[PDB]
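*Asks:* Just dropping this structure here.
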Amino acid sequence: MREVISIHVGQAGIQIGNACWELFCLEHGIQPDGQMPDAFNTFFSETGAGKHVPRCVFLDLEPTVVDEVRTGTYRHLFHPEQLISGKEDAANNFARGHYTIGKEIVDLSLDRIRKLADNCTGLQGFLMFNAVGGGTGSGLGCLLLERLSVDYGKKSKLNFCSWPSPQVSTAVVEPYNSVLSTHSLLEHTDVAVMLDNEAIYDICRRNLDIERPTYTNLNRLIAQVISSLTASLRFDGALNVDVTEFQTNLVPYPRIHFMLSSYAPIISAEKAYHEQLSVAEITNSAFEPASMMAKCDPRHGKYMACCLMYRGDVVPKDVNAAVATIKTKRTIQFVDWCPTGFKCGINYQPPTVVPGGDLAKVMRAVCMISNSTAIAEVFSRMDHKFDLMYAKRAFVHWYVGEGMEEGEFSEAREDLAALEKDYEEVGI
Amino acid sequence: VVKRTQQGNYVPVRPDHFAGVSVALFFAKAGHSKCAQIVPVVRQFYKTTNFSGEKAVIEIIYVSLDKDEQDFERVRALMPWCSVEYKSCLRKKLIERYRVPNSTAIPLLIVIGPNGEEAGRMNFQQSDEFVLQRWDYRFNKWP
Amino acid sequence: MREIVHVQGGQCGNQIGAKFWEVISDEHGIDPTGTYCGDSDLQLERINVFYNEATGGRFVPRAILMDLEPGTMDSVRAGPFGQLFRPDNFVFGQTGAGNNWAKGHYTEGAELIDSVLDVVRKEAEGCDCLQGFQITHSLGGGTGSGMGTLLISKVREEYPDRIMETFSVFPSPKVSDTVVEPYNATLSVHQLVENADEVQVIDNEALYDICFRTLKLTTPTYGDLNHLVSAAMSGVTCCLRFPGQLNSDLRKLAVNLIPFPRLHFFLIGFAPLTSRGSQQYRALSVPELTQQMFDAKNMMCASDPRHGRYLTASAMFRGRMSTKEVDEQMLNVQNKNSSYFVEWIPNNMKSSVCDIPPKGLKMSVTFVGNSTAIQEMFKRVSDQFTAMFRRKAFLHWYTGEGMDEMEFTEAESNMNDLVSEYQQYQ
Amino acid sequence: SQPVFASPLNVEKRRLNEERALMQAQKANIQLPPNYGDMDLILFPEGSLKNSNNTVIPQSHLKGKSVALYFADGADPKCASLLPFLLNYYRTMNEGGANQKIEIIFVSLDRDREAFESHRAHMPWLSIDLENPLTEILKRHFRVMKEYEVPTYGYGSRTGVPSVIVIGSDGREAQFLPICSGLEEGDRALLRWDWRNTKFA
Amino acid sequence: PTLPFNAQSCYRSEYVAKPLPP
Amino acid sequence: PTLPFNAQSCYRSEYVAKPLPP
Amino acid sequence: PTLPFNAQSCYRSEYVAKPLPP
């Protein structure tokens with residue numbers, strides 16, 4: 001039918017993407033071996049004796065995570081060529097992953113992409129999972145985004161980037177890699193969804209009451225989001241919205257495509273079953289800042305566009321009712337120039353669960369992808385981190401030593417200044 | 001292989017008892033501090049959730065890692081749920097297949113799907129004790 | 001994939017190196033004979049980083065033993081886990097460098113590098129993709145400081161891409177061995193700054209101090225000190241050998257802890273560290289690890305860390321553990337101890353989860369910190385250097401062997417700049 | 001006559017089948033001696049195989065399997081290196097499926113019973129005890145020898161210990177897995193194990 | 001006289017076979 | 001003391017009389 | 001032998017889950 005290719009770059013991209021492929025394999029009823037005991041065609045191919053192989057490529061320079069998948073439970077589920085490994089880590093150096101060691105692996109990467117896209121025409125687009133703060137995540141992520149933009153120029157490229165958090169870093173050179181990648185995904189990607197690590201730590205703490213989480217709890221929640229974005233492609237629904245019409249309803253200006261995410265409900269096993277997941281309150285449990293998945297308060301922002309994807313026992317009457325009460329509720333502000341700022345998508349298939357995982361079954365759910373001007377704070381805070389670094393050239397010698405010219409820091413800085421000014425202007 | 005403890009003798013349980021509910025295997029010792037900690041809290045939880053209403057809702061098969069007949073019987077005689085037979089080879093089969101090291105790995109609750117495999121994993125060696133209420137059976141019951 | 005080449009030079013380097021291969025073989029479950037026991041995939045899936053197959057099933061270390069007296073090489077061979085090293089990897093000195101950095105580097109060691117650089121060339125070139133080297137040596141001694149630094153100089157200009165990290169012990173503060181410490185330590189430091197990527201500093205008096213109040217051992221031999229230091233050594237390179245939630249190799253750490261190139265001296269620590277008596281009385285959790293790991297009384301280098309500021313630091317956690325409280329504790333220790341840290345660099349700390357714990361425990365952390373507080377040790381060694389040099393004392397040994405008068409003034413001028421560089425960032 | 005001719009298995013198989021052919025011809029223009037196609041043997045009788053828990057397992061549950069003989073020794077460092085990879089491979093093959101796919105029957109090169117039991121305590125797949133002549137006859141049939149100590153009839157020693165040989169219904173080697181072989185592709189030649197084609201009929 | 005190795009990877013302990021929906 | 005000769009050619013190892021497809 | 005806990009709380013012992021009126 002019409003398919004989508006998922007691309008995983010970097011450590012976070014591999015780990016997040018593997019939870020995605022655990023969920024996709026589970027909901028379509030295909031085993032870890034890869035054979036079931038045409039709705040699944042958007043994520044799995046056919047292969048000979050009734051066995052299905054995903055449309056994903058695994059890319060990392062260090063082998064220590066991609067080799068572990070090859071020896072894991074899903075050893076026959078992926079194509080051996082689809083999991084590509086190097087020998088040495090990029091090591092938090094955007095310069096290293098983009099210039100020196102990036103060129104020898106990008107070729108092998110886009111060979112498989114070429115083969116997998118030429119299977120059928122009329123495919124939707126690309127989903128890319130990468131770490132901004134990482135080396136290979138930012139380095140190799142730009143190289144594929146650059147070279148795919150020149151070849152498959154027309155088509156949609158969606159990005160789900162693990163943006164570095166305000167207080168939490170677990171790194172130090174990460175302000176450098178953030179502003180360097182931002183210059184490279186302003187003019188090469190179509191829609192970018194910003195993810196925060198410690199925001200989801202907040203989600204797991206108050207909504208789900210997991211006082212003591214881990215990365216396995218992170219990637220499950222991301223997998224539910226990604227499934228909700230691509231639910232309309234797979235299953236029949238009342239009113240579908242595809243990945244082509246995402247950028248139509250959410251990107252008003254070509255520069256401005258940095259947009260937050262939210263999911264509701266994030267509810268426990270025991271917590272959920274004793275309370276109405278009403279369609280009215282399932283959205284009221286989405287517009288509050290604390291439910292938002294970026295740690296970026298939109299109260300001092302203005303909503304430019306909004307796209308809601310419902311899943312399950314959802315009727316069109318309650319969707320229109322839920323939108324109307326939100327617009328008349330005062331605490332959020334819409335921009336003057338965008339009256340029809342809502343786009344509703346309804347899918348019949350209920351959310352699937354990973355059993356004995358973290359969440360539960362609920363009869364309905366909503367996933368939010370909203371574009372706002374709240375993004376102005378997260379780039380300004382990243383700029384404040386970067387000016388201290390660049391004030392006296394700290395950790396520059398690693399970057400310039402490999403072959404990256406000094407001064408690319410200067411021009412990427414002013415681009416983020418140019419991006420910062422545009423957001424402030426459009427919010428009048 | 002699986003034995004239902006009742007008043008007066010020990011009876012084999014029908015495999016129709018396990019149907020329609022959630023079955024958890026309980027890896028435990030006898031006389032261990034955390035084992036003796038976790039027996040009675042689980043007993044209270046089991047009693048309240050099965051007697052609350054009409055229908056039996058969960059079922060826990062207790063599996064031991066003890067070294068004595070007397071110790072096995074002593075830890076088994078104070079529990080309301082069924083257990084696994086000490087002489088059955090299924091017990092050691094379960095140990096080798098689920099990879100309990102035989103410590104911080106005790107006690108353990110692994111809730112099981114219809115195919116006899118890991119439907120969900122839960123460890124008590126931690127400060128929290130709301131995990132008993134956290135294990136929910138409405139999401140993984142056998143047909 | 002990646003292999004790390006081990007080089008063991010000097011008295012101190014052999015003993016801390018013999019005990020280092022004891023715990024790595026323990027970790028990978030290697031029999032002293034050379035076989036394997038321990039029936040797990042994790043241990044053997046990444047073993048070529050430190051070992052090599054021999055067509056008999058036995059794994060040999062990629063380690064090169066190097067000394068100018070055959071005595072300490074004999075002792076290492078003659079112990080258990082002595083059979084493990086290759087006989088060809090031993091290189092022998094027929095003369096012996098008596099504490100003199102001149103003969104370790106200019107005269108006597110110069111003709112024996114030719115022998116040993118061949119060994120390191122044969123082993124490094126044979127691999128698929130070299131990552132780098134680690135060198136354990138002393139700086140007080142002659143052979144450790146002299147020839148160990150020469151070999152550092154030679155393979156840097158030969159393999160200029162690959163990383164290098166040194167486990168070097170310094171002259172101790174209070175009492176001393178090798179009376180010409182400043183004539184050996186200072187003469188190594190100005191060369192070590194030029195051709196080394198990471199330097200990890202160990203002090204004797206720190207290890208005595210650790211073993212006193214924490215471990216309550218009455219009689220610490222070199223058996224337990226080398227066992228303790230080796231526990232910090234395995235913690236650094238665990239992520240190379242085992243999978244984890246957040247991976248960290250050597251190159252990961254080097255870009256992470258080094259703001260500016262010439263400042264690359266570290267401060268090593270390990271946790272947890274409890275007595276045998278009070279072994280089973282503790283709550284081994286991520287609050288307790290971080291309290292113990294940030295302490296002046298836990299560092300392997302007895303420079304006082306709260307007399308300076310932490311420029312950058314890294315905490316590489318180990319074990320089945322969990323990624324938010326380790327994450328929040330990094331934020332917590334940085335927020336409370338604001339005066340202890342540097343201002344212009346935000347978010348100084350690093351987190352690296354290494355999913356396989358050290359053997360027989362459940363949860364640990366190693367701490368590698370680039371601190372400006374280690375400028376006290378460079379002054380105090382230089383304070384000792386000035387007193388001897390102004391009086392031209394013990395110099396006739398060095399200048400007799402073929403070393404220049406102006407070389408000593410250049411060395412003192414080099415480290416005085418190194419002090420001033422660190423002093424500026426307080 | 002497959003994969004070898006001068007083996008105890010093939011000699012006893014030829015004896016039985018040709019005896020049977022003669023008797024049938026006497027009772028009833030058949031071709032003597034009988035064809036390799038018309039030859040038949042029972043390989044593992046009822047009391048041969050036994051599981052982890054030392055309960056007897058019949059011939060009949062080897063049907064629809066990819067079945068392989070693992071010739072292994074206790075003391076060999078190469079065997080000790082090979083064993084955990086094959087453990088992981090067995091577990092990840094047999095677990096990601098409702099029914100099980102591959103099955104491994106263990107043949108020992110240990111010197112004695114004590115070593116046999118000590119090494120066998122680890123293994124969960126099927127094993128044949130040391131004292132059974134089946135081990136020796138299978139060993140000569142599949143040309144496994146630790147060293148050339150036994151007279152072999154102009155053969156070359158096909159394998160060194162350890163080695164996994166995938167077997168067929170009639171004793172024919174289904175495929176060869178090159179651990180220490182012509183390919184020397186050690187410790188990950190277990191990946192080359194296909195299970196479309198190698199089915200225990 | 002050593003002991004078995006008693007770290008289990010985070011990956012292997014929870015990415016195992018998973019129960020199919022009915 | 002002697003050792004037996006146990007070596008055979010590349011041709012003998014690779015090319016045997018394979019049984020024919022039906 | 002050392003003497004046990006023999007009390008049961010009144011709330012546990014008297015608010016039992018009652019059978020429902022029909």
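Here, A, B, ... name the chains of the structure tokens in the order displayed, residue numbers run from 1 inside each chain, and ligands are numbered from 1 in the same displayed order.
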Compute the chain D side of the contact with chain A at 10 Å, counting only C-alpha atoms, and hand it back as a compact mmCIF listing (two decimals) with N, CA, C and O atoms, in the first residue's frame.
*Replies:*
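What follows is the written file iface23.txt:
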```txt
# COMPACT_ATOMS: atom_id res chain seq x y z
N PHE D 85 27.47 -19.38 23.80
CA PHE D 85 26.83 -18.92 22.58
C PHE D 85 25.75 -19.89 22.10
O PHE D 85 24.69 -19.45 21.67
N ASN D 88 22.67 -19.56 24.36
CA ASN D 88 21.88 -18.40 24.01
C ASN D 88 21.11 -18.66 22.71
O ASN D 88 19.95 -18.26 22.60
N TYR D 89 21.77 -19.30 21.73
CA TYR D 89 21.15 -19.59 20.45
C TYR D 89 19.96 -20.52 20.62
O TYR D 89 18.90 -20.28 20.02
N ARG D 91 18.16 -21.02 23.36
CA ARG D 91 17.11 -20.38 24.12
C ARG D 91 16.33 -19.42 23.22
O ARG D 91 15.10 -19.45 23.21
N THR D 92 17.04 -18.58 22.46
CA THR D 92 16.38 -17.59 21.62
C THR D 92 15.72 -18.20 20.39
O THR D 92 14.85 -17.56 19.80
N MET D 93 16.13 -19.42 20.00
CA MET D 93 15.41 -20.11 18.93
C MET D 93 14.11 -20.71 19.46
O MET D 93 13.05 -20.52 18.84
N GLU D 95 12.39 -20.15 22.24
CA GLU D 95 11.48 -19.34 23.04
C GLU D 95 10.63 -18.44 22.14
O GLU D 95 9.42 -18.39 22.34
N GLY D 96 11.22 -17.77 21.12
CA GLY D 96 10.40 -16.92 20.27
C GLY D 96 9.55 -17.68 19.25
O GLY D 96 9.75 -17.50 18.06
N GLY D 97 8.60 -18.50 19.74
CA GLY D 97 7.73 -19.35 18.93
C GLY D 97 6.79 -20.15 19.85
O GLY D 97 7.13 -20.38 21.00
N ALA D 98 5.59 -20.55 19.40
CA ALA D 98 4.77 -21.45 20.22
C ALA D 98 5.40 -22.85 20.38
O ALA D 98 5.62 -23.26 21.52
N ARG D 196 14.50 -24.10 7.36
CA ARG D 196 13.70 -24.56 6.21
C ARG D 196 14.05 -26.01 5.81
O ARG D 196 13.18 -26.89 5.81
```
*Asks:* Neighbouring residues of residue 90 in chain D were defined as those with any atom within 9 Å, considering only C-alpha atoms; residues of the same chain fewer than 4 positions away were excluded. Please report them as a list in words.
*Replies:*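 With the cut-off at 9 Å, the set is residues 85, 86, 94, 95, 102, 103, 104 and 125 of chain D.
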*Asks:* May I have the residues from that selection written out with C-alpha atoms, as a PDB file, in the first residue's frame?
*Replies:*
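Written file, again-v6.pdb:
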```pdb
ATOM      1  CA  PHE D  85      26.833 -18.925  22.577  1.00  0.00           C
ATOM      2  CA  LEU D  86      25.039 -22.189  21.738  1.00  0.00           C
ATOM      3  CA  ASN D  94      13.073 -22.201  21.100  1.00  0.00           C
ATOM      4  CA  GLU D  95      11.479 -19.341  23.039  1.00  0.00           C
ATOM      5  CA  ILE D 102      15.851 -26.818  16.816  1.00  0.00           C
ATOM      6  CA  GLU D 103      16.922 -29.722  19.025  1.00  0.00           C
ATOM      7  CA  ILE D 104      20.421 -30.702  20.177  1.00  0.00           C
ATOM      8  CA  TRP D 125      18.997 -29.980  25.766  1.00  0.00           C
TER       9      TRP D 125
END
```
*Asks:* When you draw a straight line from CA of residue 110 in chain C to CA of residue 394 in chain C, how long is it in Å?
*Replies:*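 It comes out at 22.0 Å.
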*Asks:* Least-squares superpose chain E onto chain G - every C-alpha atom, paired in order - and show me the moved coordinates as an mmCIF file with N, CA, C and O atoms, in the first residue's frame.
*Replies:*
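To be explicit, this is the file written out as out-v5.cif:
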```cif
data_model
loop_
_atom_site.group_PDB
_atom_site.id
_atom_site.type_symbol
_atom_site.label_atom_id
_atom_site.label_comp_id
_atom_site.auth_asym_id
_atom_site.auth_seq_id
_atom_site.Cartn_x
_atom_site.Cartn_y
_atom_site.Cartn_z
ATOM 1 N N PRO E 1 11.615 -19.098 72.454
ATOM 2 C CA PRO E 1 10.338 -19.831 72.366
ATOM 3 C C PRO E 1 9.130 -18.942 72.680
ATOM 4 O O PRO E 1 8.540 -19.060 73.762
ATOM 5 N N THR E 2 8.795 -18.064 71.718
ATOM 6 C CA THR E 2 7.729 -17.072 71.842
ATOM 7 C C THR E 2 6.389 -17.647 71.366
ATOM 8 O O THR E 2 6.303 -18.796 70.987
ATOM 9 N N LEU E 3 5.320 -16.838 71.387
ATOM 10 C CA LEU E 3 3.995 -17.202 70.945
ATOM 11 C C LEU E 3 3.551 -16.256 69.822
ATOM 12 O O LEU E 3 4.031 -15.122 69.717
ATOM 13 N N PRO E 4 2.657 -16.701 68.917
ATOM 14 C CA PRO E 4 1.901 -15.798 68.052
ATOM 15 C C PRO E 4 1.184 -14.654 68.778
ATOM 16 O O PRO E 4 0.724 -14.787 69.921
ATOM 17 N N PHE E 5 1.086 -13.562 68.030
ATOM 18 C CA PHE E 5 0.516 -12.281 68.421
ATOM 19 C C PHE E 5 -1.014 -12.298 68.316
ATOM 20 O O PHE E 5 -1.599 -12.548 67.249
ATOM 21 N N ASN E 6 -1.641 -12.065 69.480
ATOM 22 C CA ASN E 6 -3.058 -12.323 69.687
ATOM 23 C C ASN E 6 -3.807 -11.083 70.192
ATOM 24 O O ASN E 6 -4.720 -11.124 71.001
ATOM 25 N N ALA E 7 -3.519 -9.940 69.563
ATOM 26 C CA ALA E 7 -4.419 -8.832 69.352
ATOM 27 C C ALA E 7 -4.864 -8.917 67.893
ATOM 28 O O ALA E 7 -4.053 -9.111 66.970
ATOM 29 N N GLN E 8 -6.172 -8.715 67.681
ATOM 30 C CA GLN E 8 -6.693 -8.423 66.356
ATOM 31 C C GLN E 8 -7.324 -7.035 66.384
ATOM 32 O O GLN E 8 -7.981 -6.684 67.367
ATOM 33 N N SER E 9 -7.062 -6.257 65.324
ATOM 34 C CA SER E 9 -7.595 -4.905 65.262
ATOM 35 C C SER E 9 -9.119 -4.951 65.148
ATOM 36 O O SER E 9 -9.659 -5.893 64.529
ATOM 37 N N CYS E 10 -9.769 -3.926 65.758
ATOM 38 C CA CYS E 10 -11.217 -3.744 65.814
ATOM 39 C C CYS E 10 -11.756 -3.605 64.395
ATOM 40 O O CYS E 10 -12.873 -4.054 64.104
ATOM 41 N N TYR E 11 -10.945 -2.937 63.560
ATOM 42 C CA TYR E 11 -11.286 -2.658 62.178
ATOM 43 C C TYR E 11 -11.361 -3.957 61.381
ATOM 44 O O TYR E 11 -12.381 -4.244 60.786
ATOM 45 N N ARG E 12 -10.286 -4.744 61.405
ATOM 46 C CA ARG E 12 -10.173 -5.935 60.568
ATOM 47 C C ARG E 12 -11.174 -7.003 60.987
ATOM 48 O O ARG E 12 -11.575 -7.817 60.158
ATOM 49 N N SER E 13 -11.567 -7.009 62.266
ATOM 50 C CA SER E 13 -12.351 -8.139 62.737
ATOM 51 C C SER E 13 -13.835 -8.007 62.383
ATOM 52 O O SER E 13 -14.589 -8.988 62.474
ATOM 53 N N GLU E 14 -14.242 -6.801 61.954
ATOM 54 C CA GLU E 14 -15.657 -6.586 61.629
ATOM 55 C C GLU E 14 -15.871 -5.839 60.314
ATOM 56 O O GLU E 14 -17.003 -5.773 59.830
ATOM 57 N N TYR E 15 -14.788 -5.292 59.733
ATOM 58 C CA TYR E 15 -14.819 -4.765 58.371
ATOM 59 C C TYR E 15 -14.083 -5.743 57.461
ATOM 60 O O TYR E 15 -12.943 -5.594 57.057
ATOM 61 N N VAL E 16 -14.823 -6.783 57.092
ATOM 62 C CA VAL E 16 -14.408 -7.934 56.335
ATOM 63 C C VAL E 16 -15.389 -7.937 55.168
ATOM 64 O O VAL E 16 -16.174 -6.996 55.018
ATOM 65 N N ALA E 17 -15.414 -8.991 54.351
ATOM 66 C CA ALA E 17 -16.444 -9.035 53.318
ATOM 67 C C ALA E 17 -17.810 -9.212 53.986
ATOM 68 O O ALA E 17 -17.938 -9.875 55.026
ATOM 69 N N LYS E 18 -18.822 -8.565 53.398
ATOM 70 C CA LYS E 18 -20.147 -8.497 53.999
ATOM 71 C C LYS E 18 -21.198 -9.057 53.038
ATOM 72 O O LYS E 18 -21.053 -8.909 51.826
ATOM 73 N N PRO E 19 -22.233 -9.780 53.531
ATOM 74 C CA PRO E 19 -23.126 -10.529 52.646
ATOM 75 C C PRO E 19 -24.102 -9.629 51.901
ATOM 76 O O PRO E 19 -24.820 -8.823 52.508
ATOM 77 N N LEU E 20 -24.056 -9.776 50.569
ATOM 78 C CA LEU E 20 -24.861 -8.996 49.639
ATOM 79 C C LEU E 20 -26.342 -9.302 49.864
ATOM 80 O O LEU E 20 -26.694 -10.453 50.131
ATOM 81 N N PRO E 21 -27.246 -8.296 49.752
ATOM 82 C CA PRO E 21 -28.687 -8.550 49.688
ATOM 83 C C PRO E 21 -29.031 -9.325 48.416
ATOM 84 O O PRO E 21 -28.361 -9.147 47.394
ATOM 85 N N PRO E 22 -30.063 -10.208 48.440
ATOM 86 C CA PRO E 22 -30.290 -11.157 47.347
ATOM 87 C C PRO E 22 -30.927 -10.500 46.111
ATOM 88 O O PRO E 22 -31.751 -11.153 45.486
#
```
*Asks:* Between CA of residue 115 in chain D and CA of residue 149 in chain D, what distance in Å does the model show, to one decimal?
*Replies:*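 We find that CA of residue 115 in chain D and CA of residue 149 in chain D lie 20.5 Å from each other.
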*Asks:* When you look at range 68-79 of chain D with a cut-off of 7 Å (counting only C-alpha atoms), what residues show up, excluding the ones that are within fewer than 3 positions of it in the same chain? I need them as a ChimeraX atom specification.
*Replies:* /C:35-36,56-58 /D:82-83,103-110,115,119,161-167
*Asks:* Would you compute the distance between CA of residue 308 in chain C and CA of residue 382 in chain C? Give it in Å to one decimal.
*Replies:*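 Computing it gives 18.4 Å between the two atoms.
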*Asks:* Rank D:155, D:122, D:18, D:65 by their smallest atom-to-atom distance to chain E, using only C-alpha atoms, and report the top residue only.
*Replies:*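 Under the stated criterion, the closest residue is D:122.
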*Asks:* Write out as JSON, numbers by chain each polymer residue whose atoms come within 7 Å of residue 128 in chain C, counting only C-alpha atoms; drop sequence neighbours fewer than 2 positions from it.
*Replies:* {"C": [1, 126, 130]}
*Asks:* Please return, as a PyMOL selection string, all residues of chain D lying within 9 Å of chain F when only C-alpha atoms are considered.
*Replies:* chain D and resi 2-3+148+154-158+182
*Asks:* Do me a favour and pick out the residues of chain B within 10 Å of chain A, using only C-alpha atoms, as a PyMOL selection string.
*Replies:* chain B and resi 110-113+118-122+128+133-140
*Asks:* I need the contact residues of chain C against chain B, so if you could list those with any atom within 12 Å, counting only C-alpha atoms, and return them as a PyMOL selection string, that would help.
*Replies:* chain C and resi 40+280+283-285+320-321+360-363
*Asks:* Please check the contacts: residues of chain A at most 6 Å away from chain C, using only C-alpha atoms, listed as a PyMOL selection string.
*Replies:* chain A and resi 87+91+170-172+214+388+394-395
*Asks:* May I have the selected residues written with N, CA, C and O atoms, as a PDB file, in the first residue's frame?
*Replies:*
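As a result, result-v5.pdb now contains:
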```pdb
ATOM      1  N   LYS A  87      32.948   0.867  13.981  1.00  0.00           N
ATOM      2  CA  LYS A  87      33.920   0.388  14.952  1.00  0.00           C
ATOM      3  C   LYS A  87      34.204   1.418  16.044  1.00  0.00           C
ATOM      4  O   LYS A  87      34.379   0.967  17.176  1.00  0.00           O
ATOM      5  N   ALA A  91      31.581  10.079  19.827  1.00  0.00           N
ATOM      6  CA  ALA A  91      32.075  10.659  21.070  1.00  0.00           C
ATOM      7  C   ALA A  91      31.733  12.142  21.149  1.00  0.00           C
ATOM      8  O   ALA A  91      32.611  13.000  21.139  1.00  0.00           O
ATOM      9  N   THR A 170      23.176  15.249  31.907  1.00  0.00           N
ATOM     10  CA  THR A 170      24.006  14.052  31.826  1.00  0.00           C
ATOM     11  C   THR A 170      25.067  14.179  30.724  1.00  0.00           C
ATOM     12  O   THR A 170      25.426  13.164  30.120  1.00  0.00           O
ATOM     13  N   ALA A 171      25.533  15.414  30.468  1.00  0.00           N
ATOM     14  CA  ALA A 171      26.556  15.806  29.500  1.00  0.00           C
ATOM     15  C   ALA A 171      27.009  17.238  29.785  1.00  0.00           C
ATOM     16  O   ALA A 171      26.381  17.932  30.579  1.00  0.00           O
ATOM     17  N   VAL A 172      28.081  17.677  29.112  1.00  0.00           N
ATOM     18  CA  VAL A 172      28.625  19.013  29.303  1.00  0.00           C
ATOM     19  C   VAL A 172      28.836  19.724  27.962  1.00  0.00           C
ATOM     20  O   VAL A 172      28.674  20.938  27.873  1.00  0.00           O
ATOM     21  N   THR A 214      13.056   4.162  34.738  1.00  0.00           N
ATOM     22  CA  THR A 214      14.223   3.845  33.926  1.00  0.00           C
ATOM     23  C   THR A 214      13.901   4.100  32.446  1.00  0.00           C
ATOM     24  O   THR A 214      12.752   4.344  32.101  1.00  0.00           O
ATOM     25  N   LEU A 388      28.146  31.111  27.225  1.00  0.00           N
ATOM     26  CA  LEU A 388      29.142  30.896  28.266  1.00  0.00           C
ATOM     27  C   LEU A 388      30.275  30.013  27.756  1.00  0.00           C
ATOM     28  O   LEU A 388      31.436  30.272  28.081  1.00  0.00           O
ATOM     29  N   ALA A 394      35.779  27.293  25.187  1.00  0.00           N
ATOM     30  CA  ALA A 394      35.882  26.020  25.875  1.00  0.00           C
ATOM     31  C   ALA A 394      35.407  24.912  24.942  1.00  0.00           C
ATOM     32  O   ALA A 394      34.431  25.098  24.228  1.00  0.00           O
ATOM     33  N   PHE A 395      36.120  23.775  24.977  1.00  0.00           N
ATOM     34  CA  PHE A 395      35.808  22.565  24.219  1.00  0.00           C
ATOM     35  C   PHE A 395      35.623  22.870  22.738  1.00  0.00           C
ATOM     36  O   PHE A 395      34.869  22.202  22.039  1.00  0.00           O
TER      37      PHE A 395
END
```
*Asks:* As an MDAnalysis selection string, please: the residues near residue 226 in chain C (cut-off 10 Å, only C-alpha atoms, same-chain neighbours under 2 positions excluded).
*Replies:* chainID C and resid 12 15:20 207 221:224 228:231
*Asks:* Show which residues sit within 12 Å of residue 85 in chain C, as number ranges by chain. Count only C-alpha atoms, and ignore same-chain residues fewer than 5 positions away.
*Replies:* C: 6, 8, 17-18, 21-22, 25, 32-34, 50-52, 54, 58-65, 73, 76-80, 90
*Asks:* Could you please write out, as a VMD selection string, every residue of chain B that DSSP assigns to strand (DSSP E or B)?
*Replies:* chain B and resid 2 to 5 10 to 12 22 to 28 58 to 64 83 to 84 108 to 112 118 to 123
*Asks:* When you look at range 48-56 of chain D with a cut-off of 12 Å (counting only C-alpha atoms), what residues show up, excluding the ones that are within fewer than 4 positions of it in the same chain? I need them as a ChimeraX atom specification.
*Replies:* /B:87-94,96-97 /D:42-44,60-62,103-107,117,120-135
*Asks:* Tell me, counting only C-alpha atoms, for each residue of chain B within 10 Å of chain G, which pair of atoms is nearest and how far apart they are in Å to one decimal, in rows ordered by chain and increasing number, as a tab-separated table.
*Replies:*
```
residue	atom	partner	partner_atom	distance
B:48	CA	G:17	CA	8.3
B:51	CA	G:17	CA	7.1
B:52	CA	G:17	CA	6.3
B:53	CA	G:17	CA	8.2
B:54	CA	G:19	CA	9.1
```
